[PDB]
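First the structure, in the form of structure tokens, and then the observations on it.
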Amino acid sequence: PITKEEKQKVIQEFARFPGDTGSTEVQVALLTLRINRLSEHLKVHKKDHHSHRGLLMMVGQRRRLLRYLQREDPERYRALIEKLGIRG
Amino acid sequence: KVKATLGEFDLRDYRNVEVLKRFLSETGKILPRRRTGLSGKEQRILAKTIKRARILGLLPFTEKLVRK
Amino acid sequence: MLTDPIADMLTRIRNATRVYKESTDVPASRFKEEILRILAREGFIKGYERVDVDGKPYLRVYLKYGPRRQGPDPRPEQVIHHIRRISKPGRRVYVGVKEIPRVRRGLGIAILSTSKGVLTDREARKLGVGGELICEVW
Amino acid sequence: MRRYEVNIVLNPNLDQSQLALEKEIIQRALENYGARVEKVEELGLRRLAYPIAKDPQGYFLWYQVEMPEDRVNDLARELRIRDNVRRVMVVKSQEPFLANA
RNA sequence: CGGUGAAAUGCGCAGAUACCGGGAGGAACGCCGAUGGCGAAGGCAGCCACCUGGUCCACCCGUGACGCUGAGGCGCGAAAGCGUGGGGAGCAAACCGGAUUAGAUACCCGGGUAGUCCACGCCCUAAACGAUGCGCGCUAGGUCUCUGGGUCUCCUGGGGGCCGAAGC
Numbered sequence: 002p003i004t005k006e007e008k009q010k011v012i013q014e015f016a017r018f019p020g021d022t023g024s025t026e027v028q029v030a031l032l033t034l035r036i037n038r039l040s041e042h043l044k045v046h047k048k049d050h051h052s053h054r055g056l057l058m059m060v061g062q063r064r065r066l067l068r069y070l071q072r073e074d075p076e077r078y079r080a081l082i083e084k085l086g087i088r089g
Numbered sequence: 021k022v023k024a025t026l027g028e029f030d031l032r033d034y035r036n037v038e039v040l041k042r043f044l045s046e047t048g049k050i051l052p053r054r055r056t057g058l059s060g061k062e063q064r065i066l067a068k069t070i071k072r073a074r075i076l077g078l079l080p081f082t083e084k085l086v087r088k
Numbered sequence: 001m002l003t004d005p006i007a008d009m010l011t012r013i014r015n016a017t018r019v020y021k022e023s024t025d026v027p028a029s030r031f032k033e034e035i036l037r038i039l040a041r042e043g044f045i046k047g048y049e050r051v052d053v054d055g056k057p058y059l060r061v062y063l064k065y066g067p068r069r070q071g072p073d074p075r076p077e078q079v080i081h082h083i084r085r086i087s088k089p090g091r092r093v094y095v096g097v098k099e100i101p102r103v104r105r106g107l108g109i110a111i112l113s114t115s116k117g118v119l120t121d122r123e124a125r126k127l128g129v130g131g132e133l134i135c136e137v138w
Numbered sequence: 001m002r003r004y005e006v007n008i009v010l011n012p013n014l015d016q017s018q019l020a021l022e023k024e025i026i027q028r029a030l031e032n033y034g035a036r037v038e039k040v041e042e043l044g045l046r047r048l049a050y051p052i053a054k055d056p057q058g059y060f061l062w063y064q065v066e067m068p069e070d071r072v073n074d075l076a077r078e079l080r081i082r083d084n085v086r087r088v089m090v091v092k093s094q095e096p097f098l099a100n101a
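For the protein sequence lines, the chains are A, B, C and D, in the order given.
Once you know that position 11 of the first sequence is 12 in the UniProt record's numbering, the rest is easy, because the numbers rise by one and skip nothing.
Once you know that position 65 of the second sequence is 85 in the UniProt record's numbering, the rest is easy, because the numbers rise by one and skip nothing.
Once you know that position 47 of the third sequence is 47 in the UniProt record's numbering, the rest is easy, because the numbers rise by one and skip nothing.
Once you know that position 91 of the fourth sequence is 91 in the UniProt record's numbering, the rest is easy, because the numbers rise by one and skip nothing.
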């Protein structure tokens, strides 16, 4: 599973200003993490219908934010997808 | 009650038979909360615990009847 | 989600009187303030002062009731018997001046929001305007 | 990685030379899977509540190892091979929960 | 021996039954277990480890309204039931017999195939029930209980119950 070590690393890699913990970019990048881990996990355990929901949920949430980004500053969005690699 | 006539002991130490034994019946069965004298969380754990001690044959799974 | 502010307000008001509280709090906001502004000047309530609850701005609307009845269940007549939003969100209802309603043979009152501001049916007509007819209250 | 308690139970009727043989195996096996021992307790012979493999007693070992996650299940698979090693149980090391205190 | 209100069908002198020891295998998982917990529902209970969802509490730190709902769509979807293959201890539609009865194509008894367990794929219904769509605010309390934080004979958050103001 994801570890503090790895996680914080993920934040750092994306934040706006050093001591920041919650900001769109971050939030996104984050799920993305969890998601990807689920993704890899659902390739096996095709029979785990349950977590697959938490998955959709995660996916919805993710998109919900992006749509917000496309709303506020596009500049960020454009940049953010490339940095993550999604609907490029 | 068994909690009252006993002292400080770990609920997770599945080896300590000298203690656990007091939690089983005259048969192998596990005392009900009314007996043990434990709580909701406490019992939940004793369950898991004995269920272990059993496996490493330290605690029985069932006994026979005595008095006579 | 809180879908309609005023609406909540009215209901806190409605819901409070019914149990007979002295005053009731409620999220502040210039507008809501102008409605409470009416009530008290119309006499449905004592009044209201601005307040802070744990850091947040609130409006203490002070309730007004009638005298203690006699016989059984001496629950005082309530100054505000009726009170309901007319124009709701997702079915907004604006009226023309001609179309302004007379309430309870003019015993109750109506409050709209005109471009000349939030008003009473009487005022509106005296004022020659019309607008979002917010609510009935009597 | 995670801490563990490795319960191992083997034949009670084992002689000096044999016992230390099996022990030896375990030791080498652990290292093959990366488990560094934090400490071990040898309680030894104790009477079984019930008879395991027709025999009423057993030799008892315990091992607080700190090995890699992915390979814990395997650790056992290898351990459960000797026809003298009858019981095996690997548990996560849980902060002791006090009671009646 | 078994079984019943009684009985018989059946199984036993190739020696059953009751009893000891050994071996095979399948299914299920006593006690703890609750008027309990969890989950969106269907549903979920031996023990262990790995992989994985949701959720609750405290701090109030960050973003800054990014929210709610949700036609069609997509997925989940008990039991039974269908395909291919595996498996088959117990139970058991249909079916074979036994007794009951005016009769019994039943209720009772003895057998018994599909099926029931597993994998892949289909089926998608239901008293799929709180028979009570999802989300936010407001309106006396008492008590039992799961669970978290606190200065813990009391306070405070979340869940499950019973009684109950106003109201309905």
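For each residue, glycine too, the CB sits at the ideal point set by N, CA and C.
So, with DSSP's three-state summary, where would you put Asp33 (chain B)? Residue state, collapsed to three classes: coil.
Uninterrupted alpha helix (DSSP H) stretches inside the segment 46-84 of chain B (no shorter than 4 residues): Entirely contained in the segment 46-84 of chain B, the alpha helix (DSSP H) runs reaching 4 residues are, in chain order, 53-56, 60-75.
Any C-beta of chain D under 9 Å from that of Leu51 (chain B): Chain D, which has no Cβ nearer than 9 Å to the Cβ of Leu51 (chain B), makes this no.
Are three or more beta carbon pairs between the segment 33-46 of chain D and the segment 64-79 of chain D nearer than 8 Å? Contact holds: three or more Cβ-Cβ distances are below 8 Å.
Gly44 (chain D) CB to nearest chain B CB: under 9 Å? For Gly44 (chain D), no Cβ of chain B is located within less than 9 Å of the residue's own Cβ.
Residues of chain D with a CB under 9 Å from the CB of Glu28 (chain B): which are they? Those within 9 Å of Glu28 (chain B) in chain D are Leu98, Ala99, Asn100, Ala101.
Between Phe43 (chain B) and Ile75 (chain B), which are expected to be in contact by the criterion C-beta below 8 Å, what is the C-beta distance as a whole number of angstroms? 16 Å between Cβ atoms; not a contact.
In this structure, does DSSP put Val53 (chain C) in helix, strand or coil? In the structure shown, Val53 (chain C) sits in a strand (DSSP, three-state: E or B).
Tell whether a beta-carbon distance below 9 Å holds between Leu39 (chain C) and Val53 (chain C). Result no, Cβ atoms of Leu39 (chain C) and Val53 (chain C) do not sit closer than 9 Å.
Could you have a look at residue 105 (chain D) and say whether DSSP puts it in helix, strand or coil? Residue 105 (chain D) lies beyond the range of chain D shown here (1 to 101); nothing can be said about it.
Within the continuous alpha helix (DSSP H) that includes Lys32 (chain C), where are the two ends? Going by DSSP, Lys32 (chain C) is part of the alpha helix (DSSP H) stretching over 30-42.
Sub-9 Å separation of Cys135 (chain C) and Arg84 (chain C) beta-carbons: Yes, these two residues count as a Cβ contact at 9 Å.
Alpha-carbon spacing of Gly86 (chain A) relative to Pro5 (chain C), whole angstroms: Distance between the alpha carbons of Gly86 (chain A) and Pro5 (chain C) is about 41 Å.
Find the nearest neighbour of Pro57 (chain C) within the set C:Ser113, C:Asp25, C:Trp138, judged by alpha-carbon distance. The candidate whose alpha carbon is nearest that of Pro57 (chain C) is C:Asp25.
Buried or exposed, going by whether 16 or more other CB atoms sit within 10 Å of the CB of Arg28 (chain D)? It counts as exposed.
For chain D, is any of its Cβ atoms less than 9 Å away from the one on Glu62 (chain B)? At least one chain D Cβ lies under 9 Å of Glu62 (chain B).
Under 9 Å, do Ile100 (chain C) and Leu133 (chain C) count as touching if we go by C-beta distance? Taking 9 Å as the Cβ cut-off, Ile100 (chain C) and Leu133 (chain C) qualify as a contacting pair.
Report the CB separation of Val91 (chain D) from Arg80 (chain D) in whole angstroms; it is logged as a contact under 8 Å. In fact, because the Cβ distance is near 15 Å, the residues do not count as touching under 8 Å.
Could you tell me how far apart the beta carbons of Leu39 (chain A) and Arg63 (chain A) are, in whole angstroms, since I believe they sit closer than 8 Å? The Cβ separation is near 12 Å, so there is no contact.
Can you grab the Cα-Cα spacing for the pair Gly43 (chain C) / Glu73 (chain A), in whole Å? Roughly 46 Å between the two C-alpha positions.
Would you say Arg87 (chain D) reaches chain B, if we count a Cβ-Cβ gap shorter than 9 Å as a contact? Closer than 9 Å: yes.
Beta-carbon separation of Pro12 (chain D) and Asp30 (chain B) under 9 Å? Contact flag unset, no.
Regarding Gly106 (chain C) and the ligand SAH, is the C-beta to nearest heavy atom distance less than 8 Å? This structure simply doesn't include the ligand SAH, nor any ligand for that matter.
Here's the rule I'm using: 16 or more other beta-carbon atoms within 10 Å means buried, otherwise exposed. How should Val93 (chain C) be labelled? Exposed, since its Cβ has fewer than 16 Cβ neighbours within 10 Å.
For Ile26 (chain D), decide whether its Cβ has a neighbour in chain B, counting only Cβ atoms nearer than 9 Å. Taking 9 Å as the threshold, the shortest C-beta distance from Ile26 (chain D) to chain B does not fall below it.
Which of helix, strand or coil does DSSP assign to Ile82 (chain A)? Correct three-state label for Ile82 (chain A): helix.
CA-CA distance, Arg75 (chain C) and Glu22 (chain C)? Near 14 Å, if we compare the C-alpha coordinates of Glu22 (chain C) and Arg75 (chain C).
Per DSSP, which one or two residues make a beta bridge with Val85 (chain D)? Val85 (chain D) pairs with D:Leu10.
State yes or no: is the beta carbon of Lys23 (chain B) nearer than 9 Å to at least one beta carbon in chain D? Yes, because at least one Cβ of chain D sits closer than 9 Å to the Cβ of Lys23 (chain B).
Is there a Cβ from chain D that is less than 9 Å from the Cβ of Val86 (chain B)? No, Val86 (chain B) does not count as interfacial toward chain D.
With which residues is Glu14 (chain A) paired in a DSSP beta bridge? Bridge partners of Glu14 (chain A): none, in fact.
Flag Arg42 (chain B) as yes if its beta-carbon sits less than 9 Å from any beta-carbon of chain D, otherwise no. No, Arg42 (chain B) does not count as interfacial toward chain D.
Decide if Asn7 (chain D) is buried, meaning its Cβ has at least 16 other Cβ atoms within 10 Å, or exposed. With 16 or more Cβ atoms within 10 Å of its Cβ, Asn7 (chain D) is classed as buried.
Short of 6 Å in beta carbon distance, which residues of its chain neighbour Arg53 (chain B), apart from the five on each side in sequence? Order them along the chain. Exclusion of the five residues before and after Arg53 (chain B) leaves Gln63 as the residues of its chain whose Cβ lies within less than 6 Å of its Cβ.
Out of A:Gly20, A:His50, A:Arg35, A:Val60, which one is the CA nearest neighbour of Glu7 (chain A)? When each option's Cα is compared against that of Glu7 (chain A), the closest is A:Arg35.
Burial state of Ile45 (chain C), where buried means 16 or more other Cβ atoms lie within 10 Å: With a threshold of 16 other beta carbon atoms within 10 Å, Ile45 (chain C) meets it and is buried.
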